>>> print(open('run12.pdb').read())   # PDB, C-alpha atoms
ATOM      1  CA  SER A   1     -71.627 116.402-150.237
ATOM      2  CA  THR A   2     -69.752 115.549-153.435
ATOM      3  CA  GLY A   3     -66.515 113.891-154.429
ATOM      4  CA  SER A   4     -64.376 113.914-157.547
ATOM      5  CA  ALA A   5     -61.295 111.858-158.418
ATOM      6  CA  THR A   6     -59.133 111.379-161.494
ATOM      7  CA  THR A   7     -59.037 107.889-163.006
ATOM      8  CA  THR A   8     -56.004 106.852-165.056
ATOM      9  CA  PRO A   9     -55.414 103.977-167.505
ATOM     10  CA  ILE A  10     -53.063 101.380-166.066
ATOM     11  CA  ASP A  11     -51.120 100.917-169.318
ATOM     12  CA  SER A  12     -50.822 102.070-172.928
ATOM     13  CA  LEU A  13     -53.780  99.914-173.984
ATOM     14  CA  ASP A  14     -56.340 101.173-171.456
ATOM     15  CA  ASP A  15     -56.535  97.638-170.011
ATOM     16  CA  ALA A  16     -58.091  99.074-166.819
ATOM     17  CA  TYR A  17     -58.369 102.326-164.902
ATOM     18  CA  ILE A  18     -57.119 103.060-161.390
ATOM     19  CA  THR A  19     -58.386 105.792-159.019
ATOM     20  CA  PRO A  20     -56.672 106.740-155.717
ATOM     21  CA  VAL A  21     -58.657 105.957-152.553
ATOM     22  CA  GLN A  22     -57.754 106.990-148.987
ATOM     23  CA  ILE A  23     -58.323 104.247-146.390
ATOM     24  CA  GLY A  24     -57.821 104.501-142.639
ATOM     25  CA  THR A  25     -56.310 106.968-140.177
ATOM     26  CA  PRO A  26     -53.779 108.253-140.974
ATOM     27  CA  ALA A  27     -54.728 107.810-144.620
ATOM     28  CA  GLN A  28     -53.329 104.928-146.650
ATOM     29  CA  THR A  29     -53.722 105.679-150.344
ATOM     30  CA  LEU A  30     -54.369 102.668-152.625
ATOM     31  CA  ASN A  31     -55.080 102.820-156.348
ATOM     32  CA  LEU A  32     -58.289 100.844-156.834
ATOM     33  CA  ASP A  33     -60.142  99.579-159.891
ATOM     34  CA  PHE A  34     -63.636 101.167-159.719
ATOM     35  CA  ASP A  35     -65.902  98.376-160.920
ATOM     36  CA  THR A  36     -69.557  98.955-161.723
ATOM     37  CA  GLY A  37     -69.756  95.172-162.339
ATOM     38  CA  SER A  38     -69.148  94.010-158.750
ATOM     39  CA  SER A  39     -69.978  95.101-155.202
ATOM     40  CA  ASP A  40     -66.961  94.395-153.009
ATOM     41  CA  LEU A  41     -64.337  96.900-151.899
ATOM     42  CA  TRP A  42     -61.311  94.679-151.439
ATOM     43  CA  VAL A  43     -57.616  95.458-151.093
ATOM     44  CA  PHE A  44     -54.174  93.961-151.064
ATOM     45  CA  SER A  45     -53.146  94.025-147.432
ATOM     46  CA  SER A  46     -50.580  93.197-144.777
ATOM     47  CA  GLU A  47     -52.518  89.894-144.517
ATOM     48  CA  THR A  48     -52.007  88.903-148.167
ATOM     49  CA  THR A  49     -49.841  85.813-148.663
ATOM     50  CA  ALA A  50     -46.397  87.279-149.255
ATOM     51  CA  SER A  51     -45.675  85.360-152.438
ATOM     52  CA  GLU A  52     -48.890  86.784-153.925
ATOM     53  CA  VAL A  53     -47.814  90.398-153.479
ATOM     54  CA  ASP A  54     -45.601  91.747-156.260
ATOM     55  CA  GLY A  55     -45.417  95.522-156.249
ATOM     56  CA  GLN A  56     -48.892  96.480-155.084
ATOM     57  CA  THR A  57     -49.486  98.946-152.307
ATOM     58  CA  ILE A  58     -50.960  97.224-149.256
ATOM     59  CA  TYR A  59     -53.486  98.290-146.643
ATOM     60  CA  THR A  60     -52.220  97.609-143.093
ATOM     61  CA  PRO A  61     -55.269  97.671-140.775
ATOM     62  CA  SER A  62     -53.091  97.472-137.659
ATOM     63  CA  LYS A  63     -51.720 100.932-138.539
ATOM     64  CA  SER A  64     -55.208 102.491-138.842
ATOM     65  CA  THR A  65     -56.598 103.872-135.580
ATOM     66  CA  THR A  66     -60.138 103.729-137.054
ATOM     67  CA  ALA A  67     -59.971 100.145-138.348
ATOM     68  CA  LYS A  68     -62.127  97.563-136.565
ATOM     69  CA  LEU A  69     -62.179  93.863-137.378
ATOM     70  CA  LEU A  70     -65.674  92.781-138.429
ATOM     71  CA  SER A  71     -66.000  89.738-136.238
ATOM     72  CA  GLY A  72     -66.541  86.480-138.058
ATOM     73  CA  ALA A  73     -66.874  88.081-141.498
ATOM     74  CA  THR A  74     -65.143  86.663-144.550
ATOM     75  CA  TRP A  75     -65.407  87.258-148.284
ATOM     76  CA  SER A  76     -64.569  85.376-151.456
ATOM     77  CA  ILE A  77     -65.175  86.566-154.992
ATOM     78  CA  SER A  78     -64.672  85.064-158.449
ATOM     79  CA  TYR A  79     -64.763  87.327-161.486
ATOM     80  CA  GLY A  80     -65.965  86.591-165.013
ATOM     81  CA  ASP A  81     -62.341  86.831-166.210
ATOM     82  CA  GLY A  82     -61.401  83.823-164.090
ATOM     83  CA  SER A  83     -59.617  85.815-161.383
ATOM     84  CA  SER A  84     -60.449  85.579-157.652
ATOM     85  CA  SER A  85     -59.582  86.783-154.150
ATOM     86  CA  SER A  86     -60.672  86.174-150.561
ATOM     87  CA  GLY A  87     -59.990  87.263-146.997
ATOM     88  CA  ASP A  88     -61.434  88.900-143.874
ATOM     89  CA  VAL A  89     -63.166  92.236-143.275
ATOM     90  CA  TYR A  90     -62.507  95.491-141.412
ATOM     91  CA  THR A  91     -64.629  98.579-141.140
ATOM     92  CA  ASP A  92     -62.673 101.787-141.645
ATOM     93  CA  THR A  93     -62.901 105.310-143.025
ATOM     94  CA  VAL A  94     -62.757 105.481-146.835
ATOM     95  CA  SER A  95     -62.541 108.681-148.866
ATOM     96  CA  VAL A  96     -62.664 109.285-152.606
ATOM     97  CA  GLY A  97     -61.612 112.691-153.795
ATOM     98  CA  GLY A  98     -63.016 114.587-150.845
ATOM     99  CA  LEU A  99     -66.066 112.356-150.131
ATOM    100  CA  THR A 100     -65.823 110.392-146.860
ATOM    101  CA  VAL A 101     -67.647 107.281-145.586
ATOM    102  CA  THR A 102     -67.001 106.130-142.026
ATOM    103  CA  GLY A 103     -67.677 102.503-141.255
ATOM    104  CA  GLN A 104     -67.114 101.301-144.816
ATOM    105  CA  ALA A 105     -66.449  97.545-145.124
ATOM    106  CA  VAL A 106     -62.856  97.148-146.346
ATOM    107  CA  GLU A 107     -62.295  93.555-147.444
ATOM    108  CA  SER A 108     -58.684  92.658-146.722
ATOM    109  CA  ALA A 109     -57.253  89.972-149.021
ATOM    110  CA  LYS A 110     -55.553  86.908-147.591
ATOM    111  CA  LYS A 111     -55.343  85.273-151.042
ATOM    112  CA  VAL A 112     -55.423  86.660-154.598
ATOM    113  CA  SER A 113     -55.270  84.710-157.861
ATOM    114  CA  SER A 114     -52.255  84.960-160.166
ATOM    115  CA  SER A 115     -53.629  87.649-162.476
ATOM    116  CA  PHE A 116     -53.922  90.057-159.555
ATOM    117  CA  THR A 117     -50.389  89.327-158.369
ATOM    118  CA  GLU A 118     -49.109  89.774-161.946
ATOM    119  CA  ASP A 119     -50.647  93.252-162.187
ATOM    120  CA  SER A 120     -48.620  95.560-159.955
ATOM    121  CA  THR A 121     -50.776  98.633-160.803
ATOM    122  CA  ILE A 122     -54.094  97.523-159.216
ATOM    123  CA  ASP A 123     -54.188  97.546-155.400
ATOM    124  CA  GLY A 124     -57.720  96.213-155.250
ATOM    125  CA  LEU A 125     -61.260  96.863-156.432
ATOM    126  CA  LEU A 126     -63.963  99.334-155.404
ATOM    127  CA  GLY A 127     -67.313  97.813-156.355
ATOM    128  CA  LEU A 128     -70.081 100.081-157.634
ATOM    129  CA  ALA A 129     -72.765  97.552-158.626
ATOM    130  CA  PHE A 130     -75.745  96.894-156.344
ATOM    131  CA  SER A 131     -75.045  95.839-152.764
ATOM    132  CA  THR A 132     -77.077  92.660-153.284
ATOM    133  CA  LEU A 133     -73.957  91.200-154.992
ATOM    134  CA  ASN A 134     -71.632  91.838-152.067
ATOM    135  CA  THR A 135     -69.931  88.619-151.030
ATOM    136  CA  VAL A 136     -69.292  89.232-147.315
ATOM    137  CA  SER A 137     -70.622  86.390-145.158
ATOM    138  CA  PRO A 138     -72.472  85.879-142.937
ATOM    139  CA  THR A 139     -73.593  89.569-143.002
ATOM    140  CA  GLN A 140     -73.615  91.174-146.467
ATOM    141  CA  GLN A 141     -72.015  94.638-146.582
ATOM    142  CA  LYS A 142     -72.858  97.829-148.499
ATOM    143  CA  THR A 143     -70.887  99.467-151.293
ATOM    144  CA  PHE A 144     -69.167 102.813-150.939
ATOM    145  CA  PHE A 145     -71.777 104.456-153.128
ATOM    146  CA  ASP A 146     -74.589 102.827-151.167
ATOM    147  CA  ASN A 147     -73.097 104.144-147.918
ATOM    148  CA  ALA A 148     -72.518 107.643-149.333
ATOM    149  CA  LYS A 149     -75.819 108.021-151.202
ATOM    150  CA  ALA A 150     -77.880 109.697-148.528
ATOM    151  CA  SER A 151     -75.273 112.412-147.941
ATOM    152  CA  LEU A 152     -74.679 113.223-151.602
ATOM    153  CA  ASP A 153     -76.210 116.325-153.169
ATOM    154  CA  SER A 154     -77.802 113.958-155.762
ATOM    155  CA  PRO A 155     -77.781 110.134-155.482
ATOM    156  CA  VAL A 156     -75.621 109.624-158.556
ATOM    157  CA  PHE A 157     -72.068 108.956-159.670
ATOM    158  CA  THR A 158     -70.597 109.516-163.123
ATOM    159  CA  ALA A 159     -67.902 107.745-165.113
ATOM    160  CA  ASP A 160     -65.894 109.791-167.659
ATOM    161  CA  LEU A 161     -63.122 107.446-168.773
ATOM    162  CA  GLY A 162     -60.411 108.681-171.118
ATOM    163  CA  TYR A 163     -59.006 107.075-174.245
ATOM    164  CA  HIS A 164     -55.241 106.896-173.612
ATOM    165  CA  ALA A 165     -55.685 109.732-171.127
ATOM    166  CA  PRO A 166     -56.967 110.457-167.594
ATOM    167  CA  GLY A 167     -60.660 110.772-166.832
ATOM    168  CA  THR A 168     -62.922 111.408-163.866
ATOM    169  CA  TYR A 169     -65.286 109.683-161.415
ATOM    170  CA  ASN A 170     -67.676 112.168-159.785
ATOM    171  CA  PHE A 171     -69.996 111.416-156.890
ATOM    172  CA  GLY A 172     -73.078 113.445-156.092
ATOM    173  CA  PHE A 173     -73.197 115.802-159.097
ATOM    174  CA  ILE A 174     -73.360 115.946-162.875
ATOM    175  CA  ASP A 175     -70.655 118.113-164.490
ATOM    176  CA  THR A 176     -72.656 119.683-167.325
ATOM    177  CA  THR A 177     -69.379 120.842-168.943
ATOM    178  CA  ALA A 178     -68.088 117.248-169.364
ATOM    179  CA  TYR A 179     -70.327 116.173-172.277
ATOM    180  CA  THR A 180     -71.867 117.553-175.452
ATOM    181  CA  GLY A 181     -75.556 117.572-176.302
ATOM    182  CA  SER A 182     -77.962 115.988-173.832
ATOM    183  CA  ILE A 183     -77.900 112.972-171.521
ATOM    184  CA  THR A 184     -80.322 110.235-172.561
ATOM    185  CA  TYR A 185     -81.534 108.129-169.675
ATOM    186  CA  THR A 186     -82.594 104.518-170.049
ATOM    187  CA  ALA A 187     -84.210 101.928-167.794
ATOM    188  CA  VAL A 188     -82.197  99.642-165.504
ATOM    189  CA  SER A 189     -83.008  96.197-164.153
ATOM    190  CA  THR A 190     -81.323  95.489-160.810
ATOM    191  CA  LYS A 191     -82.600  91.906-160.614
ATOM    192  CA  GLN A 192     -79.134  90.481-161.297
ATOM    193  CA  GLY A 193     -77.392  93.105-159.161
ATOM    194  CA  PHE A 194     -75.887  94.900-162.177
ATOM    195  CA  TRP A 195     -76.459  98.176-164.017
ATOM    196  CA  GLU A 196     -78.343  96.182-166.652
ATOM    197  CA  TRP A 197     -80.014  98.019-169.539
ATOM    198  CA  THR A 198     -81.134  97.502-173.156
ATOM    199  CA  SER A 199     -79.363  99.162-176.056
ATOM    200  CA  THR A 200     -81.615  99.925-179.013
ATOM    201  CA  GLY A 201     -79.174  98.739-181.704
ATOM    202  CA  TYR A 202     -75.918  99.326-183.484
ATOM    203  CA  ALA A 203     -74.153 100.498-186.610
ATOM    204  CA  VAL A 204     -70.720  99.624-188.047
ATOM    205  CA  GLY A 205     -68.744 102.560-189.401
ATOM    206  CA  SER A 206     -70.936 104.640-191.705
ATOM    207  CA  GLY A 207     -73.325 101.725-192.180
ATOM    208  CA  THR A 208     -77.049 101.402-191.685
ATOM    209  CA  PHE A 209     -78.188 101.434-188.055
ATOM    210  CA  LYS A 210     -79.791  98.142-187.057
ATOM    211  CA  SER A 211     -82.629  98.469-184.531
ATOM    212  CA  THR A 212     -82.345  95.479-182.230
ATOM    213  CA  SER A 213     -82.591  95.159-178.462
ATOM    214  CA  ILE A 214     -79.262  94.284-176.829
ATOM    215  CA  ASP A 215     -79.491  93.575-173.115
ATOM    216  CA  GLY A 216     -76.236  94.074-171.272
ATOM    217  CA  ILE A 217     -74.439  95.627-168.299
ATOM    218  CA  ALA A 218     -72.526  98.874-167.940
ATOM    219  CA  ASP A 219     -69.283  97.474-166.465
ATOM    220  CA  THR A 220     -66.328  99.760-165.832
ATOM    221  CA  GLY A 221     -64.370  96.723-164.547
ATOM    222  CA  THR A 222     -64.372  94.931-167.909
ATOM    223  CA  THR A 223     -61.926  96.163-170.567
ATOM    224  CA  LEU A 224     -63.727  95.200-173.744
ATOM    225  CA  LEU A 225     -67.152  95.376-175.423
ATOM    226  CA  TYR A 226     -68.821  91.910-175.454
ATOM    227  CA  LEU A 227     -71.835  91.653-177.775
ATOM    228  CA  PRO A 228     -73.845  88.932-179.532
ATOM    229  CA  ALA A 229     -72.023  86.893-182.149
ATOM    230  CA  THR A 230     -74.169  88.283-184.994
ATOM    231  CA  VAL A 231     -73.218  91.857-184.101
ATOM    232  CA  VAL A 232     -69.525  91.059-183.629
ATOM    233  CA  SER A 233     -69.352  89.190-186.928
ATOM    234  CA  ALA A 234     -70.955  92.161-188.702
ATOM    235  CA  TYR A 235     -68.307  94.499-187.206
ATOM    236  CA  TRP A 236     -65.240  92.366-188.030
ATOM    237  CA  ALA A 237     -66.518  91.567-191.547
ATOM    238  CA  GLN A 238     -65.732  95.197-192.317
ATOM    239  CA  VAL A 239     -62.019  94.757-191.452
ATOM    240  CA  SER A 240     -59.960  93.108-194.178
ATOM    241  CA  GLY A 241     -58.166  90.076-192.783
ATOM    242  CA  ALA A 242     -59.944  89.958-189.449
ATOM    243  CA  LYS A 243     -61.038  86.570-188.202
ATOM    244  CA  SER A 244     -61.973  84.719-185.061
ATOM    245  CA  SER A 245     -59.012  82.757-183.641
ATOM    246  CA  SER A 246     -59.706  79.796-181.390
ATOM    247  CA  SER A 247     -56.129  79.694-180.088
ATOM    248  CA  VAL A 248     -56.058  83.405-179.274
ATOM    249  CA  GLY A 249     -59.644  83.269-178.002
ATOM    250  CA  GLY A 250     -61.400  85.834-180.153
ATOM    251  CA  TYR A 251     -61.219  88.120-183.151
ATOM    252  CA  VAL A 252     -57.778  89.274-184.291
ATOM    253  CA  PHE A 253     -56.981  91.570-187.176
ATOM    254  CA  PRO A 254     -53.877  92.845-189.029
ATOM    255  CA  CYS A 255     -52.150  95.532-187.001
ATOM    256  CA  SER A 256     -51.880  97.572-190.229
ATOM    257  CA  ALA A 257     -55.691  97.870-190.462
ATOM    258  CA  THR A 258     -57.595 101.102-189.863
ATOM    259  CA  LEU A 259     -60.649 100.116-187.853
ATOM    260  CA  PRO A 260     -64.203 101.366-188.430
ATOM    261  CA  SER A 261     -66.137 103.000-185.645
ATOM    262  CA  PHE A 262     -68.946 101.248-183.778
ATOM    263  CA  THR A 263     -72.214 102.971-182.802
ATOM    264  CA  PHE A 264     -74.583 101.785-180.084
ATOM    265  CA  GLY A 265     -78.096 103.110-179.384
ATOM    266  CA  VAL A 266     -79.340 104.527-176.110
ATOM    267  CA  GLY A 267     -83.013 105.184-176.749
ATOM    268  CA  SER A 268     -83.050 107.344-179.866
ATOM    269  CA  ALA A 269     -79.554 108.632-179.041
ATOM    270  CA  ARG A 270     -76.325 107.243-180.461
ATOM    271  CA  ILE A 271     -72.871 106.760-178.937
ATOM    272  CA  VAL A 272     -70.016 106.453-181.459
ATOM    273  CA  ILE A 273     -66.925 104.482-180.459
ATOM    274  CA  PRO A 274     -64.013 105.587-182.690
ATOM    275  CA  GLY A 275     -62.254 102.795-184.483
ATOM    276  CA  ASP A 276     -58.977 103.396-182.658
ATOM    277  CA  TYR A 277     -60.693 102.514-179.349
ATOM    278  CA  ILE A 278     -61.183  98.973-180.706
ATOM    279  CA  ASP A 279     -57.459  98.270-181.239
ATOM    280  CA  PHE A 280     -55.832  96.326-178.368
ATOM    281  CA  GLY A 281     -52.474  95.799-179.941
ATOM    282  CA  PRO A 282     -50.327  92.816-180.817
ATOM    283  CA  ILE A 283     -51.547  89.434-179.618
ATOM    284  CA  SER A 284     -48.002  88.771-178.331
ATOM    285  CA  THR A 285     -44.912  90.951-178.203
ATOM    286  CA  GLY A 286     -43.672  91.693-181.728
ATOM    287  CA  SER A 287     -46.642  90.133-183.558
ATOM    288  CA  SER A 288     -48.308  91.810-186.526
ATOM    289  CA  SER A 289     -51.652  90.283-185.504
ATOM    290  CA  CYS A 290     -53.652  92.541-183.152
ATOM    291  CA  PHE A 291     -56.421  91.790-180.623
ATOM    292  CA  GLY A 292     -59.932  93.175-181.197
ATOM    293  CA  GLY A 293     -61.760  95.283-178.672
ATOM    294  CA  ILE A 294     -65.195  94.017-179.666
ATOM    295  CA  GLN A 295     -65.656  90.333-178.849
ATOM    296  CA  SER A 296     -68.466  87.786-178.751
ATOM    297  CA  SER A 297     -70.454  87.408-175.539
ATOM    298  CA  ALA A 298     -71.602  83.939-176.657
ATOM    299  CA  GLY A 299     -69.789  82.050-173.956
ATOM    300  CA  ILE A 300     -70.609  84.621-171.214
ATOM    301  CA  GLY A 301     -74.375  84.572-170.861
ATOM    302  CA  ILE A 302     -74.646  88.373-170.831
ATOM    303  CA  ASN A 303     -73.541  91.270-173.012
ATOM    304  CA  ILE A 304     -71.001  93.604-171.413
ATOM    305  CA  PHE A 305     -70.641  97.299-172.240
ATOM    306  CA  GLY A 306     -67.134  97.523-170.855
ATOM    307  CA  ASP A 307     -64.489 100.228-171.039
ATOM    308  CA  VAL A 308     -64.298 100.222-174.862
ATOM    309  CA  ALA A 309     -67.960 101.364-174.947
ATOM    310  CA  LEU A 310     -68.167 103.443-171.781
ATOM    311  CA  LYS A 311     -65.059 105.534-172.508
ATOM    312  CA  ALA A 312     -66.814 106.867-175.615
ATOM    313  CA  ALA A 313     -69.507 108.410-173.356
ATOM    314  CA  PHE A 314     -70.169 110.397-170.242
ATOM    315  CA  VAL A 315     -72.081 107.851-168.178
ATOM    316  CA  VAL A 316     -74.494 108.655-165.322
ATOM    317  CA  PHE A 317     -75.159 105.915-162.778
ATOM    318  CA  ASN A 318     -78.373 107.262-161.252
ATOM    319  CA  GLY A 319     -79.083 105.659-157.881
ATOM    320  CA  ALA A 320     -82.503 107.218-157.374
ATOM    321  CA  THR A 321     -85.340 105.198-155.890
ATOM    322  CA  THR A 322     -85.728 103.602-159.324
ATOM    323  CA  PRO A 323     -82.144 103.558-160.723
ATOM    324  CA  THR A 324     -81.496 104.542-164.317
ATOM    325  CA  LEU A 325     -78.466 104.961-166.566
ATOM    326  CA  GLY A 326     -77.612 108.075-168.553
ATOM    327  CA  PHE A 327     -75.333 108.342-171.609
ATOM    328  CA  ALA A 328     -74.076 111.421-173.408
ATOM    329  CA  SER A 329     -71.569 111.940-176.141
ATOM    330  CA  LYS A 330     -68.419 113.838-175.238
TER     331      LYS A 330
END
>>> encode(input="run12.pdb", output="structure tokens")
Amino acid sequence: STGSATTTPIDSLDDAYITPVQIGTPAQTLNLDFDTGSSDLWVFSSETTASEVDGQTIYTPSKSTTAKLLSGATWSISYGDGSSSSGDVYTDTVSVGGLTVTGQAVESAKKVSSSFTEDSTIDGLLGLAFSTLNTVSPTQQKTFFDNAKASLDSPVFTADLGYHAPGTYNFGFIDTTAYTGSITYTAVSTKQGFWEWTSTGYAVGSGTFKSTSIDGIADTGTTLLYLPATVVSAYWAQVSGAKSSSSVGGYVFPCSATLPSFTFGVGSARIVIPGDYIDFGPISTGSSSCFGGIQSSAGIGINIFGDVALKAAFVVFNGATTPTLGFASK
């Protein structure tokens, strides 16, 4: 089997991407944030505290003839961005773009933190990291990809995110028309539950490529590119007027700047992020100071190749017996 669905930026800045997911019988379509950095499929629901729902589409398990309460199971997740959610658990039928899993754990929110309520475009998250990170207790549950793997033509899914434009998540096949050149595969450590790999270095604009190992995660659920402070300082030093702002919480730069590109290594291959992908717009409405898309990972504990990086590439999440990650230019 295979599946294919279109993923669309939630706003004009590409702050996140949503992909429609069919849940239950008859189908309830929710637009979920496909997150290779977490392992829970959780949704706004008829159980969510009413004051915490503000425009999202909800899953109503009582209207699904295939939904079954998973007795005694609860979940609670806290994300690196400070957001959180929690609730109970159903099993139900879940389909993405033609690909169907029966018995998928659907984590129904009872509580969401304010940032989720404040974002009316995200109805929940579909985790695509390793099932070892799933938060359901007392019996951990499997991701959608983990449940679908055995049935897929190949045990893979691909992320092709657009810059200011729609893109595609494919399950079970590699679309050889979606990228240029070849796909370079690189090793993955699953010990932390993430798609964790080691970039071979970086360049800023037309500058000299610096060979240096950068360990980090391929995370479709994080907007920006978080890298070591030495690398981020080298990038922003090339932008006249850029500086790190403690009040804003990272590097800002004059909105009139033209940004240089940023290149990261995958083995001997190179992925080039165009400068425009690094512009996240005014820090506040009407400001002429703009927020940078490359930020220090220093307070995080891990480097994060988020959407800024991944949308420059066609990315293969290879779930073979020994998982690997593939990157191609596009």
>>> atom_distance(input="run12.pdb", atom1="CA of residue 209 (chain A)", atom2="CA of residue 297 (chain A)")
20.3 Å
>>> closest_residue(input="run12.pdb", among="A:135, A:329, A:321, A:36", to="residue 274 (chain A)", atoms="all atoms listed in the file")
A:329
>>> resolve_selection(input="run12.pdb", expression="the PyMOL selection byres ((chain A and resi 170) around 7)", output="ChimeraX atom specification")
/A:3-5,157-159,168-169,171-173
>>> closest_residue(input="run12.pdb", among="A:115, A:1, A:7, A:66", to="residue 102 (chain A)", atoms="only C-alpha atoms")
A:66
>>> residues_around(input="run12.pdb", residues="residue 307 (chain A)", least_positions_apart="5", cutoff="9 Å", atoms="only C-alpha atoms", output="list in words")
residues 14, 15, 16, 17, 161, 218, 219, 220, 221, 222, 223, 224, 225 and 312 of chain A
>>> write_last_selection(input="run12.pdb", atoms="C-alpha atoms", output="PDB file, in the frame of the given file")
ATOM      1  CA  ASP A  14     -56.340 101.173-171.456  1.00  0.00           C
ATOM      2  CA  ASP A  15     -56.535  97.638-170.011  1.00  0.00           C
ATOM      3  CA  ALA A  16     -58.091  99.074-166.819  1.00  0.00           C
ATOM      4  CA  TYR A  17     -58.369 102.326-164.902  1.00  0.00           C
ATOM      5  CA  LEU A 161     -63.122 107.446-168.773  1.00  0.00           C
ATOM      6  CA  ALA A 218     -72.526  98.874-167.940  1.00  0.00           C
ATOM      7  CA  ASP A 219     -69.283  97.474-166.465  1.00  0.00           C
ATOM      8  CA  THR A 220     -66.328  99.760-165.832  1.00  0.00           C
ATOM      9  CA  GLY A 221     -64.370  96.723-164.547  1.00  0.00           C
ATOM     10  CA  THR A 222     -64.372  94.931-167.909  1.00  0.00           C
ATOM     11  CA  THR A 223     -61.926  96.163-170.567  1.00  0.00           C
ATOM     12  CA  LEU A 224     -63.727  95.200-173.744  1.00  0.00           C
ATOM     13  CA  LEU A 225     -67.152  95.376-175.423  1.00  0.00           C
ATOM     14  CA  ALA A 312     -66.814 106.867-175.615  1.00  0.00           C
TER      15      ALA A 312
END
>>> resolve_selection(input="run12.pdb", expression="the PyMOL selection byres ((chain A and resi 186-189) around 7)", output="ChimeraX atom specification")
/A:184-185,190-191,195-197,266-267,323-326
